[PDB]
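Engineer: Protein chains in written order, with the authors' numbering: chain 2J, 1 to 171, 175 to 197; chain 2I, 1 to 171, 175 to 197; chain AP, 146 to 193; chain 1K, 24 to 78, 89 to 393; chain 1L, 24 to 78, 89 to 393. Where is the CB? At the ideal position from N, CA and C, for every residue including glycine. One structure follows; several queries about it will come next.
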Amino acid sequence: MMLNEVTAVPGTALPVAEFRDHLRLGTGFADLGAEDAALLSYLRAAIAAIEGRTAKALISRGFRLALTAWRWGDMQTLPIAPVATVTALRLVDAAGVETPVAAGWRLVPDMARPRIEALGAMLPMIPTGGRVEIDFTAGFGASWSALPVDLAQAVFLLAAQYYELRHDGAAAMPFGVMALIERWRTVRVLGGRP
Amino acid sequence: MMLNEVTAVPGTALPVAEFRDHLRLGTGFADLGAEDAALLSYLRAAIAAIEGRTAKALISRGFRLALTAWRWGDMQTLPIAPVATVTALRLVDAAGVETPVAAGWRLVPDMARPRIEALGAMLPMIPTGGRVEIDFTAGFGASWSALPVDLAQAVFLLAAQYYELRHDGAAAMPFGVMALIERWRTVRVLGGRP
Amino acid sequence: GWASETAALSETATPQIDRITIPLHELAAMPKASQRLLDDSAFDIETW
Amino acid sequence: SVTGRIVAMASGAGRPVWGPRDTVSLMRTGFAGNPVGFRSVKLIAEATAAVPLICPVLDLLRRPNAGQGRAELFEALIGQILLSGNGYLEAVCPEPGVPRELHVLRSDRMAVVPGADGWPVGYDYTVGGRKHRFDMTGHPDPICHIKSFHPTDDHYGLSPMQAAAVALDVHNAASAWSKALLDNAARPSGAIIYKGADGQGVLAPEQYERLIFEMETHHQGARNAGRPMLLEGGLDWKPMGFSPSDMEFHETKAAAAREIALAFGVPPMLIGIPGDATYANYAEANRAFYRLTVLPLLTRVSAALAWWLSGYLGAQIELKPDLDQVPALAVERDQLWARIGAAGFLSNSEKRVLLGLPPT
Amino acid sequence: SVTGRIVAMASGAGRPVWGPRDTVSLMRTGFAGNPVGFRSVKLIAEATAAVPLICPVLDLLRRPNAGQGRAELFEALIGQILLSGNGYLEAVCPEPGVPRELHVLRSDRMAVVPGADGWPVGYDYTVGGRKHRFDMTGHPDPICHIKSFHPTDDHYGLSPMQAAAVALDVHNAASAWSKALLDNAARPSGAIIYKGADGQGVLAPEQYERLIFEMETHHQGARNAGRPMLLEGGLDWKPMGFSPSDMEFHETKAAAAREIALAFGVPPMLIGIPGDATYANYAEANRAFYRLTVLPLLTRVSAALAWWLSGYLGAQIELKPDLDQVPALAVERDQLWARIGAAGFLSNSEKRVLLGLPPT
Numbered sequence: 001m002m003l004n005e006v007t008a009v010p011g012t013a014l015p016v017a018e019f020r021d022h023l024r025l026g027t028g029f030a031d032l033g034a035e036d037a038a039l040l041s042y043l044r045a046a047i048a049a050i051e052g053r054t055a056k057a058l059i060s061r062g063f064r065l066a067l068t069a070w071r072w073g074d075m076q077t078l079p080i081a082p083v084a085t086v087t088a089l090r091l092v093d094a095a096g097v098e099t100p101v102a103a104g105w106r107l108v109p110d111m112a113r114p115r116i117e118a119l120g121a122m123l124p125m126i127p128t129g130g131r132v133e134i135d136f137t138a139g140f141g142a143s144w145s146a147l148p149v150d151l152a153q154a155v156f157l158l159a160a161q162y163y164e165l166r167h168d169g170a171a175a176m177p178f179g180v181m182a183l184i185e186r187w188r189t190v191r192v193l194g195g196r197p
Numbered sequence: 001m002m003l004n005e006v007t008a009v010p011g012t013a014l015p016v017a018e019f020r021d022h023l024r025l026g027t028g029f030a031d032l033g034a035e036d037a038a039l040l041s042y043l044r045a046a047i048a049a050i051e052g053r054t055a056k057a058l059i060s061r062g063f064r065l066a067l068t069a070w071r072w073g074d075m076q077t078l079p080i081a082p083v084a085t086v087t088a089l090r091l092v093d094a095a096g097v098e099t100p101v102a103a104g105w106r107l108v109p110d111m112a113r114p115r116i117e118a119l120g121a122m123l124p125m126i127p128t129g130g131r132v133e134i135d136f137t138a139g140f141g142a143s144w145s146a147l148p149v150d151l152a153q154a155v156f157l158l159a160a161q162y163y164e165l166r167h168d169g170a171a175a176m177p178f179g180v181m182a183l184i185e186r187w188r189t190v191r192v193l194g195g196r197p
Numbered sequence: 146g147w148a149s150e151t152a153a154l155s156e157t158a159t160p161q162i163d164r165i166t167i168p169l170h171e172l173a174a175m176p177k178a179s180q181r182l183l184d185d186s187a188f189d190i191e192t193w
Numbered sequence: 024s025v026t027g028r029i030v031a032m033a034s035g036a037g038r039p040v041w042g043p044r045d046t047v048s049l050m051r052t053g054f055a056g057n058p059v060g061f062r063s064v065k066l067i068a069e070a071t072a073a074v075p076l077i078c089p090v091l092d093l094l095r096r097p098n099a100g101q102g103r104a105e106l107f108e109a110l111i112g113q114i115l116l117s118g119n120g121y122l123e124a125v126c127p128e129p130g131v132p133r134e135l136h137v138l139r140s141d142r143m144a145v146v147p148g149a150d151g152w153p154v155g156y157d158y159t160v161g162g163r164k165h166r167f168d169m170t171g172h173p174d175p176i177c178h179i180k181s182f183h184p185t186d187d188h189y190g191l192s193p194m195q196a197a198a199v200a201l202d203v204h205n206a207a208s209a210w211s212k213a214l215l216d217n218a219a220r221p222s223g224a225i226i227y228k229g230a231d232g233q234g235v236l237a238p239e240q241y242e243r244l245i246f247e248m249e250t251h252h253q254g255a256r257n258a259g260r261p262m263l264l265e266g267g268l269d270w271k272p273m274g275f276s277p278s279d280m281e282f283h284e285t286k287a288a289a290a291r292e293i294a295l296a297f298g299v300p301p302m303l304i305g306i307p308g309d310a311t312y313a314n315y316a317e318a319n320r321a322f323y324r325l326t327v328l329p330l331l332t333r334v335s336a337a338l339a340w341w342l343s344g345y346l347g348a349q350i351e352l353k354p355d356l357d358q359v360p361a362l363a364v365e366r367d368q369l370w371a372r373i374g375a376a377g378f379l380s381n382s383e384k385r386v387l388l389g390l391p392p393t
Numbered sequence: 024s025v026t027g028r029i030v031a032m033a034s035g036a037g038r039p040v041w042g043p044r045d046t047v048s049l050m051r052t053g054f055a056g057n058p059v060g061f062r063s064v065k066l067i068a069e070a071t072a073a074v075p076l077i078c089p090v091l092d093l094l095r096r097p098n099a100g101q102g103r104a105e106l107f108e109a110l111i112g113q114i115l116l117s118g119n120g121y122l123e124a125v126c127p128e129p130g131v132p133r134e135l136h137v138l139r140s141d142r143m144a145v146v147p148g149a150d151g152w153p154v155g156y157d158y159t160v161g162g163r164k165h166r167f168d169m170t171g172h173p174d175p176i177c178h179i180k181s182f183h184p185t186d187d188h189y190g191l192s193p194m195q196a197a198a199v200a201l202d203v204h205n206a207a208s209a210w211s212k213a214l215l216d217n218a219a220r221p222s223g224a225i226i227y228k229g230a231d232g233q234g235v236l237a238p239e240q241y242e243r244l245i246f247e248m249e250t251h252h253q254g255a256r257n258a259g260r261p262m263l264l265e266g267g268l269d270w271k272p273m274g275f276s277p278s279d280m281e282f283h284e285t286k287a288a289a290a291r292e293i294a295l296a297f298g299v300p301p302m303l304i305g306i307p308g309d310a311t312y313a314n315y316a317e318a319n320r321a322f323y324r325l326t327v328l329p330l331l332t333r334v335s336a337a338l339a340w341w342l343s344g345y346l347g348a349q350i351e352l353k354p355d356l357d358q359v360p361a362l363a364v365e366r367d368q369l370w371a372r373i374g375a376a377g378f379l380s381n382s383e384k385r386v387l388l389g390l391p392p393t
């Protein structure tokens with residue numbers, strides 16, 4: 001289970017022109033672009049902070065889930081939660097040959113449990129000494145407008161903070180950064196074997 | 001259970017002209033200068049914070065509840081609470097034949113526990129692999145004026161807070180944001196198997 | 146596979162196990178019979 | 024009789040009536056599942072087979098069929114009565130009188146038919162989806178149907194396992210409580226808490242293999258029990274406990290293990306469950322076993338074999354338990370021989386006729 | 024037999040029926056694994072072999098084959114019945130009558146074939162991928178198949194270990210709980226905590242070898258138990274405990290060790306498990322053992338040898354346990370000889386016919 005990203009976000013999909021409206025920089029100056037190189041450096045640093053505390057994705061970039069042994073006999077819950085249209089469960093071999101498999105696997109969409117449950121009571125078997133990478137595109141939407149807005153606000157509450165204080169300097176809201184995140188975190192109570 | 005919204009708000013349904021009056025009317029600097037479309041972006045962030053803490057809907061948007069297995073035998077509590085009129089309970093199969101049903105169920109509306117509660121003991125079974133899918137319209141009313149005004153004030157107490165201070169800065176009111184929400188939260192005491 | 150002597154034979158494919166579900170639907174009839182018609186007639190209506 | 028004719032047409036004549044739904048699931052969960060429900064039936068069914076009988090016809094009973102002896106027949110017969118309240122015996126009659134085959138038909142796959150006058154006309158042996166439809170519209174009536182007493186039902190028995198069906202599920206799940214507690218439980222014998230300079234801090238994998246190897250070698254095991262364990266700054270050892278150690282549903286299982294033995298009627302002393310001493314010294318509890326739940330059970334089945342098999346003969350035959358040279362009733366035989374043997378007033382031939390002797 | 028044809032088709036005629044998969048694993052986990060399941064079968068199988076028999090045929094039973102004596106045969110035969118509910122006996126007949134070889138075929142590798150009329154036509158001894166297909170479509174029928182009573186299955190026995198299969202896994206894992214607790218546990222007898230001026234501070238390897246040598250020499254061991262142990266600034270000694278000391282699942286193991294003994298039917302006094310005194314003084318518990326779980330088992334197997342071996346002879350032979358000069362039944366023999374011996378009213382030959390003597 002490695003879970004790397006195939007492609008990153010384009011950067012042009014991030015709302016730098018709206019984050020600048022948030023931070024109260026300035027309206028009609030002739031410069032207007034001295035911060036563009038750094039404002040998206042804090043938006044990518046605040047999304048990636050909330051992508052890890054919530055285990056959500058938010059831009060629907062493509063992922064690659066390269067794993068070897070199945071976690072449970074048939075289920076295989078995916079880590080990145082809001083998914084749609086798993087592309088390919090290409091089953092690599094011990095070395096080399098990569099054979100994509102329709103394989104009779106389904107996809108159960110959920111924000112909490114994005115399973116990949118199999119229908120033939122057993123997922124496609126795994127060549128001993130070989131991995132099973134799964135290409136899937138997981139996230140809310142393609143553009144910034146398709147997000148839940150409270151999670152989009154939690155980026156703006158957080159990336160404004162990184163813009164206003166640079167080093168770790170200490171400085175209570177009703178719905179702060181944390182209270183907006185908490186309905187998007189994963190609530191789990193299993194430490195067991197299954 | 002994905003539960004994505006079919007359509008969002010139009011934006012013209014939101015009280016941006018009224019929220020400018022809750023921001024500075026009768027006392028203030030003047031009407032002053034506020035990026036109008038910015039003020040729409042804080043109302044959508046305060047509603048989506050109260051739509052999540054209360055599990056209400058507040059604008060009567062259209063929903064699509066596509067879940068695989070029925071939880072109870074017949075009950076199926078709907079999460080987004082103030083509901084009216086299931087659009088359709090179409091039932092897709094594993095291939096996508098999408099055969100709707102038109103009888104066998106009677107939505108029992110309620111602000112506490114909206115249900116589906118089919119007739120007798122038979123609720124439409126699920127094609128194996130073929131997720132069931134329920135389209136409904138949930139919320140109070142089409143315009144902003146049809147809301148309970150205490151819940152509308154919790155938006156204005158919250159959307160003004162996101163306007164007055166940007167980052168997560170520190171700052175116990177009797178009926179604050181939190182005290183106006185708690186009579187609209189869902190009070191549940193089940194952690195059990197049914 | 147036919148195993149050679151200098152082969153150092155690899156493991157083969159365990160056969161896939163299928164699990165096909167019977168849904169076990171219901172089939173019911175609810176006839177409506179009149180009480181007077183069941184009490185007057187010479188025929189055994191509850192048997193018929 | 025007259026009431027029965029009315030009862031039939033309510034349920035439906037000519038159509039099978041099934042009765043108990045779960046009787047196929049109480050066998051796997053109550054007779055193959057727990058030892059107390061297993062031993063209780065095996066204690067009775069092996070007791071009724073051991074009791075001799077008093078009458089020809091018993092030559093059939095001694096050798097009913099191939100691979101199913103006399104004692105093996107009643108173990109199969111009573112083993113269906115204790116499990117599902119119903120006993121069945123198919124008779125194959127190539128010959129008109131005393132049919133030379135007996136077969137204990139299992140009561141999971143048998144269903145009754147009420148027929149016209151309320152008393153049964155059909156029995157249906159249903160395995161898979163395939164039926165047989167035995168016929169009762171004749172005189173020999175090829176199946177004896179031994180019912181346990183059921184007050185609410187008109188066609189089946191009550192099956193004491195159904196009466197103990199709550200105490201089986203307590204004893205099955207309390208015993209499976211302790212199994213899965215010994216299989217899903219993480220107790221540690223301690224925890225080396227490492228906070229650090231911060232409130233949180235990991236230790237590097239260089240330091241961590243040092244920490245395993247001084248714990249693997251010098252602290253765990255019987256041979257390292259009690260090393261003084263220097264803790265420098267940051268490290269700390271919090272020993273954990275295990276607060277319920279013994280006795281996880283120990284008495285509620287042992288009370289349920291007694292209610293299963295209560296329902297079939299075996300005493301707690303015979304089966305071996307623990308409990309307070311009710312009976313004294315096994316001359317009673319074995320005598321109580323062959324008087325409250327074996328010989329009343331055996332004289333009820335033998336009264337049905339005495340009437341069903343006499344329908345194949347011309348003359349009717351009685352068939353009763355021996356109630357003599359069954360060695361659990363020796364304390365009722367000492368007590369009756371020493372009473373009349375010590376009664377010296379009445380003469381010699383006057384007491385051979387009392388004790389059951391051939392007179393001289 | 025008339026219904027025999029209906030059940031045969033559902034299973035599938037001519038094809039092997041296996042029954043329980045996990046049968047071989049209950050042997051390794053429940054009979055080679057724990058002493059209670061080990062002793063309970065060995066206590067019974069060495070008791071049924073010791074009981075003499077009453078009939089020629091017993092000349093075969095006395096010397097069945099090479100290297101497998103009379104008493105060694107029934108230990109193998111009953112040892113399969115208690116373990117897997119099924120007993121098998123191959124007869125090899127170089128000679129036409131009374132075949133001079135008997136072999137207990139183990140019931141792990143044996144499978145039934147239902148055949149046409151429901152009663153079996155084939156038995157399959159399956160070792161490796163190799164089958165044998167014994168044939169039952171003949172008159173001598175070369176394998177006797179002794180079934181324990183199974184109400185739900187039509188072809189096998191129930192094997193009391195299967196009914197106690199939860200209580201075996203409790204007793205196997207509670208005993209392995211205390212084993213791995215003695216092997217994975219770090220208890221210290223204390224901890225010399227060294228904080229320092231800061232909240233954290235190590236001590237130098239000069240100071241650390243000083244701390245070992247005053248702990249190695251002057252404080253550890255039996256001979257240094259209680260030195261007054263000066264602690265300067267920074268140092269502190271927190272003595273640890275071990276809060277559950279005895280009794281890790283001690284009663285749930287001792288309760289599961291009785292439920293294993295319950296299912297096989299041995300009394301708790303014979304096997305040696307601790308527990309409340311149910312039976313009194315071994316004149317009862319040994320007499321209860323040979324009356325509730327040995328002699329009913331032996332009279333059921335001997336009744337199958339009385340019929341299978343009589344199929345090789347012309348005349349049918351009876352074969353029953355002796356129930357005389359078996360020295361566990363002496364309390365039932367004192368009680369019956371002193372009853373009739375004290376009955377002085379009836380004459381001398383009138384009680385020799387009661388006690389079983391040849392009259393004179």
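Assuming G60 (chain 1L) is part of the alpha helix (DSSP H), what are its boundary residues?
Structural biologist: For the purposes of this step, residue 60 (chain 1L) is identified with residue 37 of the fifth sequence, where counting begins at 1. Note, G60 (chain 1L): alpha helix (DSSP H), 58-71.
Engineer: Taking 8 Å as the CB-CB cut-off, is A48 (chain 2I) touching chain 2J?
Structural biologist: Here the question's residue 48 (chain 2I) lines up with position 48 in the second sequence. At least one chain 2J Cβ lies under 8 Å of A48 (chain 2I).
Engineer: Consult DSSP for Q101 (chain 1K) and reduce its assignment to one of helix, strand or coil.
Structural biologist: Indexing the fourth sequence from 1 puts residue 101 (chain 1K) at position 68. Strand at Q101 (chain 1K).
Engineer: Taking the alpha helix (DSSP H) that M122 (chain 2I) belongs to, which residues open and close that run?
Structural biologist: For this step, residue 122 (chain 2I) is matched to residue 122 along the second sequence. Careful: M122 (chain 2I) lies outside any alpha helix (DSSP H) and carries neither H nor E.
Engineer: Contact criterion: CB-CB distance below 8 Å. Does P392 (chain 1L) meet it with respect to chain 1K?
Structural biologist: Here the question's residue 392 (chain 1L) lines up with position 359 in the fifth sequence. It does not; no Cβ of chain 1K falls within 8 Å.
Engineer: I'd like to know if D93 (chain 2I) contacts chain 2J, where contact means its C-beta is closer than 8 Å to some C-beta of that chain.
Structural biologist: In the second sequence, counting from the first residue as 1, residue 93 (chain 2I) sits at position 93. Not one chain 2J Cβ lies under 8 Å of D93 (chain 2I).
Engineer: Specify the secondary structure class of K384 (chain 1L) as computed by DSSP and reduced to three states.
Structural biologist: In the fifth sequence, counting from the first residue as 1, residue 384 (chain 1L) sits at position 351. Helix at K384 (chain 1L).
Engineer: Please report the straight-line C-alpha distance between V327 (chain 1L) and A219 (chain 1L), rounded to a whole angstrom.
Structural biologist: Indexing the fifth sequence from 1 puts residue 327 (chain 1L) at position 294. Indexing the fifth sequence from 1 puts residue 219 (chain 1L) at position 186. Their backbone Cα atoms lie some 48 Å apart in a straight line.
Engineer: Count the other CB atoms within 10 Å of the CB of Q349 (chain 1L); is the residue buried (16 or more) or exposed (fewer)?
Structural biologist: Residue 349 (chain 1L) sits at position 316 when you count from the first residue of the fifth sequence. Classification of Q349 (chain 1L): exposed, given that the 10 Å Cβ count is below 16.
Engineer: So, does the CB of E35 (chain 2J) fall closer than 8 Å to a CB anywhere in chain 2I?
Structural biologist: Your numbering for residue 35 (chain 2J) matches position 35 in the first sequence. Cβ-Cβ to chain 2I under 8 Å: no for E35 (chain 2J).
Engineer: Compute the beta-carbon to beta-carbon distance between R166 (chain 2I) and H22 (chain 2J), rounded to the nearest angstrom, for a pair I have assumed lies under 8 Å.
Structural biologist: For this step, residue 166 (chain 2I) is matched to residue 166 along the second sequence. For this step, residue 22 (chain 2J) is matched to residue 22 along the first sequence. Right, the Cβ-Cβ distance comes to about 6 Å (below 8 Å), so this counts as a contact.
Engineer: With distance defined between alpha-carbon atoms, name the residue in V101 (chain 2J), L39 (chain 2J), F178 (chain 2J), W70 (chain 2J) nearest to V16 (chain 2J).
Structural biologist: Along the first sequence, one-based indexing puts residue 16 (chain 2J) at 16. When each option's Cα is compared against that of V16 (chain 2J), the closest is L39 (chain 2J).
Engineer: Cβ of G266 (chain 1K) within 8 Å of Cβ of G234 (chain 1L)?
Structural biologist: Working through the fourth sequence from its first residue, we reach residue 266 (chain 1K) at position 233. Working through the fifth sequence from its first residue, we reach residue 234 (chain 1L) at position 201. Result yes, Cβ atoms of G266 (chain 1K) and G234 (chain 1L) sit closer than 8 Å.
Engineer: What does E156 (chain AP) touch in chain 2J if you count any residue whose Cβ is under 8 Å from its own?
Structural biologist: As a working mapping, residue 156 (chain AP) is identified with position 11 in the third sequence. Near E156 (chain AP) (Cβ distances below 8 Å), the residues of chain 2J are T128.
Engineer: Count the other C-beta atoms from every protein chain shown that fall within 10 angstroms of the C-beta of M175 (chain AP), then say buried if there are 16 or more, exposed otherwise.
Structural biologist: Taking the third sequence and counting its residues from 1, the one referred to as residue 175 (chain AP) is at position 30. The residue in question, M175 (chain AP), is exposed, as its Cβ has fewer than 16 Cβ neighbours within 10 Å.
Engineer: Against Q113 (chain 1L), what residues of chain 1K qualify as contacts under a CB-to-CB distance less than 9 Å, listed in chain order?
Structural biologist: Position 80 of the fifth sequence, counting from 1, holds the residue named residue 113 (chain 1L). The premise fails here: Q113 (chain 1L) is roughly 17 Å from chain 1K at the closest Cβ pair, so nothing lies under 9 Å.
Engineer: Could you tell me the distance, in whole angstroms, from the CA atom of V146 (chain 1L) to the CA atom of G37 (chain 1L)?
Structural biologist: The residue you call residue 146 (chain 1L) lines up with position 113 of the fifth sequence. The residue you call residue 37 (chain 1L) lines up with position 14 of the fifth sequence. Approximately 6 Å between the Cα atoms of the pair.
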